[PDB]
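Peer 1: Let me begin by handing over the structure; questions about it come next.
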Amino acid sequence: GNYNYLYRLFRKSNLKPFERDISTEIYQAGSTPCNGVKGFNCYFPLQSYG
Amino acid sequence: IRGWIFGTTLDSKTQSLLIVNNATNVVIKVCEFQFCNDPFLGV
Ligand SMILES: *[C@@H]1O[C@H](CO)[C@@H](O)[C@H](O)[C@H]1NC(C)=O
Ligand SMILES: *[C@@H]1O[C@H](CO)[C@@H](O)[C@H](O)[C@H]1NC(C)=O
Ligand SMILES: *[C@@H]1O[C@H](CO)[C@@H](O)[C@H](O)[C@H]1NC(C)=O
């Protein structure tokens with residue numbers, strides 16, 4: 001698998017046209033806070049195609 | 001008045017736009033900047 005190519009799997013809101021958010025902040029899916037570390041309701045926002 | 005800053009959080013988790021005017025040029029740049037706590041331009 002090539003792991004150099006990625007897509008964003010989760011976001012708080014959809015992009016506007018030609019908007020380009022490169023932020024790597026952990027996706028908080030629920031009431032559980034992330035505090036900069038992965039966990040329950042707290043997932044890395046990108047996936048790699050492989 | 002010698003420049004402007006635009007963005008969402010204005011800190012390294014986010015992209016932001018900087019305009020600086022230095023009287024020879026207008027310089028414009030878009031980065032995941034870290035801003036100072038009280039930004040300033042030189043005397
Ligand atoms: C733009 O940034 C704000 C920052 O609070 C965020 O709430 C909003 O969802 C963002 N909009 C888009 C379309 O990304
Ligand atoms: C370039 O942007 C990506 C995505 O935000 C980030 O992972 C990477 O650390 C940035 N490059 C540098 C030199 O920090
Ligand atoms: C204005 O900005 C440009 C950016 O390339 C630089 O070359 C130039 O020396 C600057 N002028 C002054 C007066 O700082």
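Each chain of the structure tokens is named A, B, ... in the order shown, its residues numbered from 1; ligands are numbered from 1 in display order.
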Could you list, as a list in words, every residue within 7 Å of residue 3 of chain A, counting only C-alpha atoms and ignoring same-chain residues fewer than 2 positions away?
Peer 2: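 Non-adjacent residues within range: residues 1, 5, 48, 49 and 50 of chain A.
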Peer 1: For those residues, write C-alpha atoms to a file as an mmCIF file, in the first residue's frame.
Peer 2:
data_model
loop_
_atom_site.group_PDB
_atom_site.id
_atom_site.type_symbol
_atom_site.label_atom_id
_atom_site.label_comp_id
_atom_site.auth_asym_id
_atom_site.auth_seq_id
_atom_site.Cartn_x
_atom_site.Cartn_y
_atom_site.Cartn_z
ATOM 1 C CA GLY A 1 0.000 0.000 0.000
ATOM 2 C CA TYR A 5 -1.832 9.793 -0.136
ATOM 3 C CA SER A 48 -4.819 6.936 3.873
ATOM 4 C CA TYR A 49 -5.978 5.013 0.777
ATOM 5 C CA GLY A 50 -3.100 2.452 0.990
#
Peer 1: Counting only C-alpha atoms, give me one row per residue of chain A with an atom at most 8 Å from an atom of chain B, showing the shortest contact pair and its distance in Å to one decimal, sorted by chain then residue number, as CSV.
Peer 2:
residue,atom,partner,partner_atom,distance
A:21,CA,B:15,CA,7.5
A:22,CA,B:15,CA,7.7
A:23,CA,B:14,CA,5.8
A:24,CA,B:13,CA,7.3
A:25,CA,B:13,CA,6.8
Peer 1: As a list in words, please: every protein or nucleic acid residue near ligand 3 (cut-off 9 Å, counting only C-alpha atoms and all ligand atoms).
Peer 2: residues 20, 21, 22, 23, 24, 25, 26 and 27 of chain B
Peer 1: So that I can check the surroundings of segment 36-38 of chain B, please list as a PyMOL selection string every protein, DNA and RNA residue that reaches within 12 Å of it, counting only C-alpha atoms and ignoring chain neighbours fewer than 6 positions away.
Peer 2: chain B and resi 5+10-12
Peer 1: Limited to C-alpha atoms, could you put the picked residues into a file as a PDB file, in the first residue's frame?
Peer 2:
ATOM      1  CA  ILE B   5      -4.464  39.498   9.701  1.00  0.00           C
ATOM      2  CA  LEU B  10      -5.211  32.694  14.404  1.00  0.00           C
ATOM      3  CA  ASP B  11      -2.998  29.910  15.954  1.00  0.00           C
ATOM      4  CA  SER B  12      -1.015  26.953  14.484  1.00  0.00           C
TER       5      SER B  12
END
Peer 1: Write out as a list in words all residues of chain B that backbone DSSP assigns to strand (DSSP E or B).
Peer 2: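 DSSP-assigned strand (DSSP E or B) residues in chain B: residues 3, 4, 5, 6, 7, 16, 17, 18, 19, 20, 21, 26, 27, 28, 29, 30 and 31 of chain B.
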Peer 1: Keeping N, CA, C and O atoms, export the residues of the selection given above as a compact mmCIF listing (two decimals), in the first residue's frame.
Peer 2:
# COMPACT_ATOMS: atom_id res chain seq x y z
N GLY B 3 -0.64 46.77 8.12
CA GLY B 3 -0.99 45.40 7.73
C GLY B 3 -2.30 44.91 8.34
O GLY B 3 -2.87 45.56 9.21
N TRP B 4 -2.74 43.73 7.91
CA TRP B 4 -3.95 43.07 8.41
C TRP B 4 -3.72 41.57 8.56
O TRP B 4 -2.92 40.98 7.85
N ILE B 5 -4.47 40.94 9.46
CA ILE B 5 -4.46 39.50 9.70
C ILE B 5 -5.90 39.01 9.62
O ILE B 5 -6.77 39.62 10.23
N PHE B 6 -6.15 37.89 8.95
CA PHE B 6 -7.47 37.26 8.85
C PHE B 6 -7.36 35.76 9.13
O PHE B 6 -6.42 35.13 8.67
N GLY B 7 -8.32 35.15 9.82
CA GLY B 7 -8.33 33.70 9.99
C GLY B 7 -9.49 33.21 10.84
O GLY B 7 -10.44 33.95 11.09
N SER B 16 -4.22 30.93 8.27
CA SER B 16 -4.57 32.36 8.35
C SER B 16 -3.81 33.16 7.30
O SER B 16 -2.77 32.73 6.81
N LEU B 17 -4.35 34.32 6.94
CA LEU B 17 -3.82 35.23 5.93
C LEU B 17 -3.21 36.46 6.59
O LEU B 17 -3.83 37.06 7.47
N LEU B 18 -2.03 36.86 6.14
CA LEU B 18 -1.32 38.06 6.56
C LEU B 18 -1.11 38.97 5.35
O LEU B 18 -0.61 38.52 4.33
N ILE B 19 -1.43 40.26 5.49
CA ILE B 19 -1.05 41.32 4.56
C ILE B 19 -0.11 42.27 5.29
O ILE B 19 -0.48 42.79 6.34
N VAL B 20 1.07 42.57 4.74
CA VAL B 20 1.97 43.60 5.27
C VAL B 20 2.34 44.57 4.17
O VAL B 20 2.76 44.16 3.09
N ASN B 21 2.23 45.87 4.44
CA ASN B 21 2.67 46.94 3.57
C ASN B 21 3.96 47.54 4.14
O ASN B 21 3.99 47.96 5.30
N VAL B 26 3.48 45.63 -1.17
CA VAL B 26 2.48 44.90 -0.39
C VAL B 26 2.81 43.42 -0.51
O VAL B 26 2.91 42.89 -1.61
N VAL B 27 3.01 42.75 0.62
CA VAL B 27 3.35 41.33 0.73
C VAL B 27 2.17 40.59 1.35
O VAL B 27 1.67 41.01 2.39
N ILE B 28 1.73 39.49 0.73
CA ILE B 28 0.57 38.72 1.19
C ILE B 28 0.95 37.25 1.30
O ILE B 28 1.56 36.70 0.39
N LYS B 29 0.59 36.60 2.41
CA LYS B 29 0.99 35.21 2.67
C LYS B 29 -0.07 34.46 3.46
O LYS B 29 -0.74 35.05 4.30
N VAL B 30 -0.22 33.16 3.22
CA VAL B 30 -1.23 32.32 3.86
C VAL B 30 -0.60 31.06 4.43
O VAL B 30 -0.19 30.19 3.67
N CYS B 31 -0.52 30.96 5.75
CA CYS B 31 0.22 29.92 6.46
C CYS B 31 -0.57 29.42 7.67
O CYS B 31 -1.46 30.11 8.17
Peer 1: Pick out the residues no farther than 7 Å from ligand 1, counting only C-alpha atoms and all ligand atoms, and list them as number ranges by chain.
Peer 2: A: 12-16; B: 8-9
Peer 1: Please identify all polymer residues within 7 Å of residue 8 of chain A, counting only C-alpha atoms, omitting same-chain residues fewer than 3 positions from it, and present them as JSON, numbers by chain.
Peer 2: {"A": [45, 46, 47]}
Peer 1: Next, dump the selected residues to file, keeping only N, CA, C and O atoms, as a CSV table (one decimal), in the first residue's frame.
Peer 2:
chain,number,residue,atom,x,y,z
A,45,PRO,N,-8.4,12.5,12.1
A,45,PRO,CA,-9.4,13.0,11.1
A,45,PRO,C,-9.2,12.5,9.7
A,45,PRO,O,-10.1,12.5,8.9
A,46,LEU,N,-8.0,12.1,9.4
A,46,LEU,CA,-7.6,11.6,8.0
A,46,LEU,C,-7.6,10.1,8.0
A,46,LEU,O,-7.4,9.4,9.0
A,47,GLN,N,-7.8,9.6,6.7
A,47,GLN,CA,-7.4,8.2,6.4
A,47,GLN,C,-6.5,8.2,5.2
A,47,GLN,O,-6.5,9.1,4.4
Peer 1: Between atom CA of residue 38 of chain A and atom 5 (O, counted along the ligand's line) of ligand 2, what is the distance, to one decimal in Å?
Peer 2: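 Answer for the atom CA of residue 38 of chain A to atom 5 (O, counted along the ligand's line) of ligand 2 separation: 17.0 Å.
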Peer 1: Smallest atom-to-atom distance to ligand 2: which of A:31, A:17, A:26, A:43, using only C-alpha atoms and all ligand atoms?
Peer 2: A:26
Peer 1: Hey, can you check how far atom CA of residue 36 of chain A sits from atom CA of residue 11 of chain A?
Peer 2: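 Pair atom CA of residue 36 of chain A / atom CA of residue 11 of chain A returns 16.3 Å.
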Peer 1: For the atom pair atom 2 (O, counted along the ligand's line) of ligand 2 and atom CA of residue 42 of chain A, what is the interatomic distance in Å to one decimal place?
Peer 2: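 These atoms are spaced 20.5 Å apart.
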